[PDB]
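Below you will find one chain, with nothing else, as structure tokens; this is the form deposited in one PDB entry, and questions on how it binds or moves follow later.
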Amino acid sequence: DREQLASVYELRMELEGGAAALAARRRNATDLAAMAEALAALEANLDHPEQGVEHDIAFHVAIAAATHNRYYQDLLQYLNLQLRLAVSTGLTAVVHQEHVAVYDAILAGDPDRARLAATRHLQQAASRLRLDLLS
């Protein structure tokens, strides 16, 4: 059950790393606005965790839309939808640091740094979930 969930989390981690790499090379000015407006809303709502969830979804969705691959986006959306349904319940600040490193790498046009920023965000998040469920 935690390992049925963990199996989806592993697959999402691989795909999200790839999405950031494609987004690093194919991002539009339109793609940059959606990631930036989601990031600014995420920065505004640091003291309201419940409002921030919509923005984190919007930020990852903007990276997925920046791939310009419909098949890739549909699979990422389906895995993301499955994970939200399965896990129904400095956190504001450390997650913003991880969220910002992906955005800078994508802004730079650097695919390798983007993949590692996106991968590190998923790994640190996974470590936070494992430990929360134990206590």
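All residue numbers are counted from 1 along the displayed sequence. Rigid core: the largest C-alpha set superposing within 1.5 Å between the two forms.
In what follows, reference is made to the form deposited in another entry, a form of this protein that is not presented.
- Only one of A36, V61, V100, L79 has its C-alpha shifted by 2 Å or more between this form and the one not shown once the core is superposed, and that residue is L79.
- The two forms, fitted on the rigid core, differ between this form and the one not shown by 2 Å or more at the CA of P49.
- Annotation: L83/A62 CA-CA distance shorter in the other form than in the displayed model, change of at least 3 Å.
- Cα-Cα spacing of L83 to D56 is reduced in the other form versus the present form (difference of at least 3 Å).
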